[PDB]
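Protein chains: 2
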Amino acid sequence: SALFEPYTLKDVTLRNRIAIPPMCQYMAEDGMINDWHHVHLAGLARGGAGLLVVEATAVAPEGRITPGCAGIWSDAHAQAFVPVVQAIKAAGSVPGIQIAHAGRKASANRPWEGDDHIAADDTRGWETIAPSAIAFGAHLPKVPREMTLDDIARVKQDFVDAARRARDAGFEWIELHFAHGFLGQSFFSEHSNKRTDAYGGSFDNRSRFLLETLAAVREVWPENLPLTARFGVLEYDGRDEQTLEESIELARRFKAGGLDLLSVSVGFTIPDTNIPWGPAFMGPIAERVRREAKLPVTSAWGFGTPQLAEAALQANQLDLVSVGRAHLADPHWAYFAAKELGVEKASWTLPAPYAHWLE
Amino acid sequence: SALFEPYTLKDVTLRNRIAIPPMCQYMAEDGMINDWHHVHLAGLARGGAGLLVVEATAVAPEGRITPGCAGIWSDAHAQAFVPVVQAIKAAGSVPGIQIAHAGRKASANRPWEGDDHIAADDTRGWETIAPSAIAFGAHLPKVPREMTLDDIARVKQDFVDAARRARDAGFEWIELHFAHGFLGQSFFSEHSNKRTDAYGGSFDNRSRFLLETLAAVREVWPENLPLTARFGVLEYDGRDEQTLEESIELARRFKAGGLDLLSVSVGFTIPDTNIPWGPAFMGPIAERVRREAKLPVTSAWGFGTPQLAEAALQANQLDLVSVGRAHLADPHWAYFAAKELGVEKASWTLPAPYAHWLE
Ligand SMILES: Cc1cc2c(cc1C)N(C[C@H](O)[C@H](O)[C@H](O)COP(=O)(O)O)c1[nH]c(=O)[nH]c(=O)c1N2
Ligand SMILES: Cc1cc2c(cc1C)N(C[C@H](O)[C@H](O)[C@H](O)COP(=O)(O)O)c1[nH]c(=O)[nH]c(=O)c1N2
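Order-wise, the sequence lines are chains A and B.
Counting in the working numbering, the first sequence runs without a single skipped number right up to 450 at its last residue.
Counting in the working numbering, the second sequence runs without a single skipped number right up to 450 at its last residue.
Structure, rendered in structure tokens:
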């Protein structure tokens with residue numbers, strides 16, 4: 092089966108094509124991960140997936156989505172990841188991490204605690220920053236502060252420091268979070284970026300924050316380890332063909348700037364959209380980016396059944412299949428998929444103390 | 092549903108009737124558990140089961156089954172459990188532990204490493220002890236050393252020390268492993284016990300090691316925490332009705348000696364047997380012990396589908412349903428069972444960072 096073929100990117104080999112995408116846990120304290128994350132991540136790694144990407148980890152305190160988000164904005168924060176990285180490797184999965192800045196969608200409640208911007212008088216909240224002083228709207232009504240050129244320089248440096256810390260903590264795969272309406276996505280989108288300096292206006296100017304951040308990260312991130320990004324390639328906002336064309340152009344620039352693989356997502360930059368959720372709905376979009384930018388891709392948002400995952404790979408829509416919620420339901424989903432696809436010795440997707448008994 | 096009704100025994104309340112029975116992992120080193128066990132057990136606890144019983148943990152080095160078995164024969168061994176107990180409690184499951192001595196079935200290879208007695212010239216092996224110098228046979232051909240009265244006193248004291256250490260490590264539930272052909276079961280069975288002193292011959296003498304060990308453990312184990320045992324009530328050796336009658340008599344003695352619940356199993360005392368494996372096959376046997384000894388019971392060996400578990404409880408065959416291998420396959424099996432049985436808000440069988448997304 093295609094799903095259980097190994098994949099090599101730079102010097103890293105994944106044992107199969109199942110990727111666990113970044114999934115926020117909302118269980119950190121002042122950015123510091125703890126035994127929630129250790130057991131969560133080590134358990135997933137033992138479940139058989141080839142790649143495990145740690146949840147959006149903030150490059151700066153104000154770039155957390157919520158008061159429970161993980162951070163890597165100091166050396167102490169980075170050191171907290173070391174035992175988890177070591178546990179993921181011990182299980183034979185490749186440890187990755189998504190580094191992030193939530194921009195105007197920061198300073199929000201946990202999703203089971205309102206999912207909305209934190210109240211003005213709640214001591215947990217903070218001022219958000221963004222390319223322009225324009226609120227997302229709906230449940231995220233707070234108007235962000237318009238970034239200065241010095242803010243831009245500082246956030247880029249925070250991404251560099253974060254990548255350096257990730258490298259030194261032992262991660263073998265990094266993902267820049269330029270999607271889901273967060274800081275990077277919001278610099279790219281005309282909906283959120285109304286700047287009239289070098290970082291707004293034209294396609295080149297809107298792309299600038301993202302391309303400079305990639306180039307700056309590339310300086311510290313090892314050339315033999317995959318350098319990836321997540322990017323929302325359309326919004327379902329009635330501007331899809333022109334947005335996809337620009338997104339594909341940006342993907343070509345990413346590739347030329349050393350990007351090894353693109354995680355293709357939706358923008359979520361604004362609330363007034365009509366996203367056609369359904370099984371594997373991103374497949375054709377991912378395929379188009381893969382073909383037109385000539386870049387490996389992954390995607391998510393409905394590939395979490397074994398036959399869907401297998402079909403997407405065989406059709407060359409995707410190079411890796413990201414499976415998120417099914418792994419929350421069953422951390423051993425890779426074993427389930429191996430069984431479902433009729434893979435030989437499917438139980439040995441799991442480590443011996445499980446596999447021997449399940450044969 | 093019955094499966095998701097809480098259960099109270101002494102001062103301990105289980106959130107549902109799903110018990111994860113002891114399952115050896117074969118991953119300890121000189122008895123010391125490690126991050127294999129920590130993540131394994133904490134992950135299971137988060138999966139929703141009401142009770143998680145840690146694998147057979149040796150009261151003495153020679154009472155390990157294998158070189159990978161856990162031990163609690165020193166204070167350092169006990170202290171290693173403390174962070175795991177704390178993680179199980181944090182997840183809302185009740186931490187239990189099975190304390191054990193493998194008797195003539197000790198000094199064996201891991202099941203995926205031959206599953207047989209260790210070779211005479213392998214530096215990892217050791218002399219086994221038993222009521223009588225008689226080998227199990229088949230894949231376990233080593234003849235054990237016949238225990239002296241001082242050996243008996245010493246092993247009883249090892250069980251006491253183990254229970255004291257379990258208590259002080261924070262366990263809220265203990266299980267004496269008097270089953271599966273190990274030391275305790277082998278004292279009870281006429282197949283393995285040919286002694287002519289106070290510990291062999293008559294029913295009272297064969298029962299003596301088990302009853303004295305229970306009474307000795309009871310002295311140190313808190314009266315407000317469940318005190319349980321696993322016991323093989325028949326062998327499927329052509330002597331079933333007489334063996335079950337004696338086993339039920341022993342269960343009555345256990346109850347009179349402060350046993351709160353009996354895990355009903357098969358003996359596995361000798362290899363020449365004909366066990367009728369099948370779904371829920373132990374149900375009627377467990378029900379008979381429950382009724383005739385008037386003692387709460389659990390059992391296992393084929394209850395691992397949600398409808399089977401629910402039926403066994405509704406029929407009052409069992410008080411708790413032990414589900415083993417299905418939890419190795421899917422550590423979130425309790426969530427799966429909740430969904431299958433149509434339990435309201437089934438995803439909240441899991442903690443918030445999973446449940447919110449699976450609703
Ligand atoms: C709990 C959890 C939390 C997150 C996510 C999701 C969920 C379920 N998602 C999106 C996620 O990576 C994925 O795209 C979706 O889960 C869709 O894939 P599935 O359909 O779930 O397989 C997500 N995406 C991301 O880029 N960074 C993150 O940290 C998060 N946070
Ligand atoms: C990997 C593993 C290891 C063990 C077990 C089993 C397995 C699968 N079993 C037996 C176990 O508790 C249970 O009785 C069986 O697994 C049958 O129940 P299921 O059919 O698997 O639900 C077991 N029993 C026991 O009393 N102490 C133990 O430590 C072990 N070791």
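Every residue, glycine too, gets a C-beta built ideally from N, C-alpha and C.
Secondary structure of residue i, DSSP reduced to three states
{"i": "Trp439(A)", "result": "helix"}
{"i": "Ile109(B)", "result": "strand"}
{"i": "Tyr290(A)", "result": "coil"}
{"i": "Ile163(B)", "result": "coil"}
{"i": "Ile339(B)", "result": "helix"}
{"i": "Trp312(B)", "result": "coil"}
{"i": "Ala226(B)", "result": "coil"}
{"i": "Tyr117(A)", "result": "coil"}
{"i": "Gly154(A)", "result": "helix"}
{"i": "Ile361(B)", "result": "coil"}
{"i": "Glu326(A)", "result": "coil"}
{"i": "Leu94(A)", "result": "helix"}
{"i": "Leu409(B)", "result": "coil"}
{"i": "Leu386(A)", "result": "coil"}
{"i": "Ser298(B)", "result": "helix"}
{"i": "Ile366(B)", "result": "coil"}
{"i": "residue 66(B)", "result": "Any property of residue 66(B) remains undetermined from this structure, which presents chain B solely from 92 to 450."}
{"i": "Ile124(B)", "result": "coil"}
{"i": "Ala133(A)", "result": "helix"}
{"i": "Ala428(A)", "result": "helix"}
{"i": "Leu350(A)", "result": "coil"}
{"i": "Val414(B)", "result": "coil"}
{"i": "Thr334(B)", "result": "helix"}
{"i": "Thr396(B)", "result": "coil"}
{"i": "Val434(B)", "result": "coil"}
{"i": "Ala403(A)", "result": "helix"}
{"i": "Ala320(A)", "result": "strand"}
Own chain, CB closer than 6 Å to residue i, minus 5 neighbours either side, in chain order
{"i": "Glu237(A)", "result": "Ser223, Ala224"}
{"i": "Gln405(B)", "result": "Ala93"}
{"i": "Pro158(A)", "result": "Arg215"}
{"i": "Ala147(B)", "result": "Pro113, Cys115, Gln189, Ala191, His268"}
Environment of residue i [buried if 16+ CB atoms lie within 10 Å]
{"i": "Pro232(A)", "result": "exposed"}
{"i": "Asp421(A)", "result": "buried"}
{"i": "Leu274(B)", "result": "buried"}
{"i": "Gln276(B)", "result": "buried"}
{"i": "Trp203(B)", "result": "exposed"}
{"i": "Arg245(A)", "result": "exposed"}
{"i": "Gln116(A)", "result": "buried"}
{"i": "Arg299(A)", "result": "buried"}
{"i": "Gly272(A)", "result": "buried"}
{"i": "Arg297(A)", "result": "buried"}
{"i": "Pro113(A)", "result": "buried"}
{"i": "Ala253(B)", "result": "buried"}
{"i": "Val380(A)", "result": "buried"}
{"i": "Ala306(B)", "result": "exposed"}
{"i": "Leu409(B)", "result": "buried"}
9 Å Cβ cutoff, residue i in contact with chain D
{"i": "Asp207(A)", "result": "Considering every chain present, this structure includes no chain D. Its protein chains are A and B."}
Nearest candidate by alpha-carbon position, reference residue i, set the options
{"i": "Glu218(A)", "options": "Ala193(A), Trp312(A), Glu204(A), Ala425(A)", "result": "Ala193(A)"}
{"i": "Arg258(B)", "options": "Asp331(B), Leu301(B), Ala169(B)", "result": "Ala169(B)"}
{"i": "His128(B)", "options": "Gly216(B), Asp102(B), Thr99(B), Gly162(B)", "result": "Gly162(B)"}
{"i": "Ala136(A)", "options": "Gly205(A), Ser438(A), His423(A), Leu432(A)", "result": "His423(A)"}
{"i": "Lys101(A)", "options": "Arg382(A), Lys285(A), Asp328(A), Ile265(A)", "result": "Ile265(A)"}
{"i": "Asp331(B)", "options": "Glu281(B), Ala371(B), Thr287(B)", "result": "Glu281(B)"}
{"i": "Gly395(A)", "options": "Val412(A), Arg379(A), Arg381(A)", "result": "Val412(A)"}
{"i": "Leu301(A)", "options": "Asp288(A), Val311(A), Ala270(A)", "result": "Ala270(A)"}
{"i": "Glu431(B)", "options": "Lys247(B), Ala400(B), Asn284(B), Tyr445(B)", "result": "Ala400(B)"}
Beta-carbon contacts of residue i that lie in its chain and below 8 Å, excluding the five residues immediately before and after
{"i": "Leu142(B)", "result": "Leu105, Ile109, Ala110, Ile111, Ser184, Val185, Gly187, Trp264, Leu411"}
{"i": "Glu303(B)", "result": "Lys247"}
Close beta carbons around residue i, own chain, < 7 Å, minus the five adjacent residues each side
{"i": "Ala229(B)", "result": "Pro362"}
{"i": "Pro152(B)", "result": "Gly122, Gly162, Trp164"}
Legend entry - beta strand (DSSP E) segments (min. 3 residues) lying fully within the region 248-286 of chain A: 264-269
Legend entry - Minimum length 3: unbroken beta strand (DSSP E) runs contained in the region 179-250 of chain B: 185-191
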